[PDB]
Amino acid sequence: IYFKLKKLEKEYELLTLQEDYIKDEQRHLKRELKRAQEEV
Amino acid sequence: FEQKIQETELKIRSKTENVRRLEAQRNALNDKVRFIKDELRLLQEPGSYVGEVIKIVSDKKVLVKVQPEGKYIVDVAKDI
């Protein structure tokens, strides 16, 4: 009731930290895309 | 605050919905850049000749005539 919901907070804060890693890499990744389909 | 647990539990899996939707976005998109980066790797690759068989020497050894030009005994690869 007061210890279980402490857990559910921190698993969320885990999740949000990776929701940006999956994102920003795409922002970092696409710069290789045209960088490569230009070299072609 | 006892209904705090109520609102949040739906907020979580509602949020996991898009992450699987994004984990699809990444891997589906990664395999794109794989190809072109594989393809471009090997248009730099060399040519490859053409020729015809006369007979076969004992094993792992055959002969070819390159159809404009002369003969060249050879070896073969793993597969054939």
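A quick note on method: Cβ atoms are made from the backbone with ideal geometry, for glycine too, and the neighbour counts reach across all protein chains shown. We did not get these values from a lab; they are worked out from the coordinates using the rules stated.
Averaged over its residues, how many other protein chain Cβ atoms are within 10 Å of peptide B:29-40's Cβ atoms? Mind showing how you got there, number by number?
Values: counts 4, 3, 0, 3, 7, 0, 0, 5, 6, 0, 2, 4.
Shielding by partners across B:29-40 averages 3.
Which of B:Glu45, B:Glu69, B:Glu23 moves most in a GNM of chain B, Cα contacts under 10 Å?
Sorting by GNM fluctuation, first place goes to B:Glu69.
Using alpha carbons only, how many angstrom separate the centre of chain A from the centre of segment B:53-72?
What the calculation gives is 57 Å, centre to centre.
Which whole-Hz couplings ³J(HN,Hα) result when phi for each residue of segment B:70-76 is put into the Karplus expression 6.51 cos²θ - 1.76 cosθ + 1.60, θ = phi - 60°, listed in order with x for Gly and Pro?
x, 9, 7, 4, 8, 10, 10
Once phi is turned into ³J(HN,Hα) by the Karplus curve 6.51 cos²θ - 1.76 cosθ + 1.60 with θ = phi - 60°, what whole-Hz value does each residue of segment A:20-36 show in order, with x for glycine and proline?
In residue order, the calculated couplings are 8, 4, 4, 6, 4, 5, 5, 4, 7, 6, 4, 4, 7, 5, 5, 4, 9 Hz.
If you fit an axis through the alpha-carbon atoms of helix B:4-43 and take the longest principal axis of the Cα set of chain B, what angle between them do you get, 0 to 90°, nearest 10?
Taking Cα atoms only, the helix is inclined about 20 degrees.
Taking H as built 1.01 Å from N, whose amide H comes closer than 5 Å to the amide H of B:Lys65, not counting residues under 5 places away?
B:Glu52, B:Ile54
Could you identify which residue out of B:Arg26, B:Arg13, B:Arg34 has the top mean-square fluctuation in a GNM of chain B using Cα springs shorter than 10 Å?
Maximum fluctuation in the GNM of chain B, among the listed residues, is at B:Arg13.
Do the alpha carbons of any pairs in A:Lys30/B:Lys15; A:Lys4/A:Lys30; A:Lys23/B:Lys37; A:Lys4/B:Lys32; A:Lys23/B:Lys4; B:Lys37/B:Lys78 sit beyond 32 Å of each other, and which pairs?
Too far apart for the 32 Å limit: A:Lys4/A:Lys30; A:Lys4/B:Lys32.
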